[PDB]
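Comments concern the structure below.
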Amino acid sequence: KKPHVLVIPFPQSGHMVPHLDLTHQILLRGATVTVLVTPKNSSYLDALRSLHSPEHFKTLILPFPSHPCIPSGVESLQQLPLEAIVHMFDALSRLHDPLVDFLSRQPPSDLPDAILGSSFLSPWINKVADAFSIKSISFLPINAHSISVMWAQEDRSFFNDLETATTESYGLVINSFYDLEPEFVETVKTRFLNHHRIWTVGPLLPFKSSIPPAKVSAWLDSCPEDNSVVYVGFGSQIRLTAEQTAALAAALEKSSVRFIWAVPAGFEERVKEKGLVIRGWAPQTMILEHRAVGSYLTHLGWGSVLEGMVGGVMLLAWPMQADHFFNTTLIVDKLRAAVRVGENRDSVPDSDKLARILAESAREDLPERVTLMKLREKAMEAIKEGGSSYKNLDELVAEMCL
Ligand SMILES: O=c1c(O)c(-c2ccc(O)c(O)c2)oc2cc(O)cc(O)c12
């Protein structure tokens, strides 16, 4: 009654983390999965390997194809700039043969009932899925507003093939909920999916280095009032530059509000202690869920959009690349549930007035937050039982057996 799924995550945070958050839901619903990864991408699957026994959860590690345009020993896009994705595509394209090989050396009672790979790797995964007559289901961590804008592009490339392949797969899973953007879910379903199969599953919630995760919780607890502090983070993988940061550090100081800000390193005077600074990894989910945070200053990634939404925080947009502008269009303009605080991928706001209206989001009852809360109620209803996404998780597992 339960399927065997072969998942193929795309090696970058934005794709990788929700992709695995999805494989948890597949397994929670009784499936057994095999995750194909590359040697240094194995750490990702550590937590998932713990929560599920070796009978139901299996790992297929293949050596990363060597590439002249990737520096040696790099296997994910955390490290390269975003413009270097097209070589990560060709590199992993070469993973095709070993997968084909591995699957052929298999008894047909071990061959999976469906492949759940990233849509970015659909071009060759779809070629595998056909050869072995397995259903290819694609995964994207972006909302359907972005997909509808992207697929409708006339010049799509170098993204064209993955968009065509995604359009030709069995169906497509995305990390959104239906009531948020039904117009665009149906756009994609009718206009860009040959078999009109689309599963909305979000918000894919996650399951459970410079400053420990516990000492930061004591810090936050040491702050009433509730929603006092602003969390400022652009994380993996968009990095800043030294002139831009001094504009932000200046904007942060003039505001006189408590903050946290995860990343000389810059600025040179850390010493004004209403806000804390974390080098490297930070426990974002726990920070944002915490009562004391009321605002997120984010590049407006979709994963951050849903994190911030679930965490019930004021969303301050500074879109820079990838889908950030599609999200800005949807969430700030079309939905008036955020507020745009930086213009451009290389914008600088004048620190002084940026400090002004960021502090005005320590009010914090700006009607942006009230708009986003009603959005969150609908997202929560979406994932709890009977909701669009929940029911979609069920039908997706159900359909892989077919
Ligand atoms: O929509 C996306 C997009 O346009 C690009 C992109 C943008 C500018 C470039 O110069 C480039 O090479 C790629 O990347 C992405 C990477 C993701 O993980 C998700 C996305 O949705 C996009």
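Residues are referred to by chain and number: the chain letter is A, B, ... according to the order shown in the structure tokens, the number counts from 1 in that chain, and ligands are numbered separately from 1 in the order shown.
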
Kindly assemble as JSON lines a list of the stretch 4-117 of chain A residues that lie within 10 Å of stretch 300-318 of chain A, each paired with its nearest atom pair and their distance in Å to one decimal, using only C-alpha atoms, sorted first by chain and then by ascending residue number.
```
{"residue": "A:13", "atom": "CA", "partner": "A:303", "partner_atom": "CA", "distance": 9.6}
{"residue": "A:14", "atom": "CA", "partner": "A:303", "partner_atom": "CA", "distance": 6.8}
{"residue": "A:15", "atom": "CA", "partner": "A:303", "partner_atom": "CA", "distance": 9.3}
{"residue": "A:17", "atom": "CA", "partner": "A:303", "partner_atom": "CA", "distance": 9.5}
{"residue": "A:18", "atom": "CA", "partner": "A:303", "partner_atom": "CA", "distance": 8.3}
```

Item to check | Contacts of ligand 1, 7 Å or closer, only C-alpha atoms and all ligand atoms, given as a list in words | outcome: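 Checking only C-alpha atoms and all ligand atoms against ligand 1 at 7 Å gives residues 14, 15, 82, 83, 84, 85, 86, 142, 146, 150, 321, 322 and 323 of chain A.
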
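Note that the spacing between atom CA of residue A:112 and atom CA of residue A:51 amounts to 21.3 Å.
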
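In terms of minimum interatomic distance to residue A:140, A:174 ranks closest within A:397, A:174, A:402, A:80, counting only C-alpha atoms.
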
Item to check | Within 6 Å of stretch 202-213 of chain A using only C-alpha atoms, minus same-chain residues under 6 positions, as a VMD selection string | outcome: chain A and resid 21 175 to 177 278 to 281

Export of the given selection (N, CA and C atoms) as a short mmCIF file (atom, residue, chain, number, x, y, z; two decimals), in the first residue's frame:
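Writing done, so here's result23.cif:
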```
data_model
loop_
_atom_site.label_atom_id
_atom_site.label_comp_id
_atom_site.auth_asym_id
_atom_site.auth_seq_id
_atom_site.Cartn_x
_atom_site.Cartn_y
_atom_site.Cartn_z
N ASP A 21 12.56 18.19 4.22
CA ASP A 21 11.35 18.37 5.02
C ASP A 21 10.18 17.64 4.40
N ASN A 175 6.37 24.33 -2.47
CA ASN A 175 6.32 24.67 -1.05
C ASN A 175 5.53 25.97 -0.90
N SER A 176 4.22 25.83 -1.04
CA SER A 176 3.29 26.92 -0.85
C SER A 176 2.00 26.29 -0.39
N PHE A 177 1.04 27.12 0.03
CA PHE A 177 -0.32 26.68 0.27
C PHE A 177 -1.28 27.35 -0.72
N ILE A 278 26.09 36.96 15.48
CA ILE A 278 26.43 35.54 15.37
C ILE A 278 27.22 35.31 14.08
N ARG A 279 28.47 34.85 14.22
CA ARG A 279 29.25 34.48 13.04
C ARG A 279 28.90 33.06 12.62
N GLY A 280 28.64 32.86 11.34
CA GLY A 280 28.30 31.53 10.87
C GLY A 280 26.85 31.13 11.10
N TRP A 281 26.63 29.89 11.53
CA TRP A 281 25.28 29.35 11.66
C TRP A 281 24.51 29.96 12.83
#
```

Name all residues at most 10 Å from residue A:148 (count only C-alpha atoms; drop same-chain ones fewer than 4 positions away) and give them as a JSON list (two decimals) with N, CA and C atoms, in the first residue's frame.
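Final file, result.json:
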```json
[["chain", "number", "residue", "atom", "x", "y", "z"],
["A", 143, "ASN", "N", 7.17, 29.63, -4.78],
["A", 143, "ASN", "CA", 5.72, 29.72, -4.92],
["A", 143, "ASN", "C", 5.32, 29.75, -6.39],
["A", 144, "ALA", "N", 4.03, 29.52, -6.62],
["A", 144, "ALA", "CA", 3.55, 29.46, -7.98],
["A", 144, "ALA", "C", 3.45, 30.83, -8.62],
["A", 152, "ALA", "N", 6.58, 31.80, -18.05],
["A", 152, "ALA", "CA", 6.02, 32.65, -19.09],
["A", 152, "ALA", "C", 7.07, 33.53, -19.75],
["A", 153, "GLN", "N", 8.26, 33.61, -19.17],
["A", 153, "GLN", "CA", 9.35, 34.33, -19.80],
["A", 153, "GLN", "C", 9.55, 33.85, -21.24],
["A", 183, "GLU", "N", -4.80, 32.02, -7.80],
["A", 183, "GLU", "CA", -4.80, 32.42, -9.20],
["A", 183, "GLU", "C", -3.59, 31.83, -9.92],
["A", 184, "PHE", "N", -2.44, 31.81, -9.25],
["A", 184, "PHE", "CA", -1.17, 31.37, -9.83],
["A", 184, "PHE", "C", -0.94, 29.88, -9.74],
["A", 185, "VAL", "N", -1.42, 29.23, -8.68],
["A", 185, "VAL", "CA", -1.41, 27.78, -8.67],
["A", 185, "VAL", "C", -2.15, 27.25, -9.89],
["A", 186, "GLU", "N", -3.33, 27.82, -10.17],
["A", 186, "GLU", "CA", -4.08, 27.41, -11.36],
["A", 186, "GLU", "C", -3.43, 27.88, -12.65],
["A", 187, "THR", "N", -2.75, 29.02, -12.63],
["A", 187, "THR", "CA", -1.99, 29.41, -13.81],
["A", 187, "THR", "C", -1.03, 28.30, -14.17],
["A", 188, "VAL", "N", -0.16, 27.93, -13.23],
["A", 188, "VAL", "CA", 0.86, 26.92, -13.47],
["A", 188, "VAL", "C", 0.22, 25.61, -13.89],
["A", 189, "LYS", "N", -0.78, 25.18, -13.14],
["A", 189, "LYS", "CA", -1.43, 23.90, -13.38],
["A", 189, "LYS", "C", -1.99, 23.81, -14.80],
["A", 191, "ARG", "N", -1.53, 26.16, -17.43],
["A", 191, "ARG", "CA", -0.77, 26.77, -18.49],
["A", 191, "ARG", "C", 0.62, 26.18, -18.65],
["A", 192, "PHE", "N", 1.20, 25.55, -17.62],
["A", 192, "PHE", "CA", 2.60, 25.15, -17.70],
["A", 192, "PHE", "C", 2.86, 23.71, -17.27],
["A", 326, "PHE", "N", 10.05, 38.50, -7.38],
["A", 326, "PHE", "CA", 8.75, 37.87, -7.47],
["A", 326, "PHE", "C", 8.06, 37.82, -6.12]]
```

Checklist entry - Please, what distance in Å, to one decimal, runs between atom CA of residue A:65 and atom CA of residue A:38? => result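 Computing the Euclidean distance for atom CA of residue A:65 and atom CA of residue A:38 yields 9.2 Å.
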
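Atom CA of residue A:328 is found 28.3 Å from atom CA of residue A:194.
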
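Proximity to residue A:244 at 12 Å, evaluated using only C-alpha atoms and with sequence-adjacent residues fewer than 5 positions away removed, yields residues 239, 249, 250, 251, 266, 267, 342, 344, 345, 346, 347, 348, 349, 350 and 351 of chain A.
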
Item to check | Pick from A:103, A:151, A:374, A:78, whichever lies nearest to residue A:235 using only C-alpha atoms | outcome: A:78

Next on the checklist: Taking only stretch 3-143 of chain A into account, list the residues labelled alpha helix (DSSP H) by DSSP (computed from the backbone), as JSON, numbers by chain.
Outcome noted: {"A": [13, 14, 15, 16, 17, 18, 19, 20, 21, 22, 23, 24, 25, 26, 27, 28, 46, 47, 48, 49, 50, 51, 85, 86, 87, 88, 89, 90, 91, 92, 93, 96, 97, 98, 99, 100, 101, 102, 103, 104, 122, 123, 124, 125, 126, 127, 128, 129, 130, 131]}

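Residues in contact with stretch 169-172 of chain A at up to 9 Å, not including ones fewer than 3 positions away on its chain and judged by only C-alpha atoms, are residues 119, 122, 126, 135, 136, 137, 138, 139, 140, 164, 165, 166, 189, 193, 194, 195, 196, 197, 198, 199 and 200 of chain A.
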
Item to check | Minimum-distance residue to residue A:57, chosen among A:396, A:5, A:240, A:77 (using only C-alpha atoms) | outcome: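 Between A:396, A:5, A:240, A:77, the residue approaching residue A:57 most closely is A:5.
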
Item to check | Test item: residues at most 12 Å from residue A:222, only C-alpha atoms, excluding those fewer than 6 positions along its chain, as number ranges by chain | outcome: A: 215-216, 228-229, 258, 274-275, 290-292

Checklist entry - Could you pull out the strand (DSSP E or B) residues of stretch 52-294 of chain A from DSSP and send them as a PyMOL selection string? => result chain A and resi 57-61+114-118+135-140+171-174+198-200+229-232+259-262+275-278+293-294

Checklist entry - Pick the closest to residue A:134 from A:214, A:339, A:111, A:95: which is it, counting only C-alpha atoms? => result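 Distance minimum relative to residue A:134 lands on A:111.
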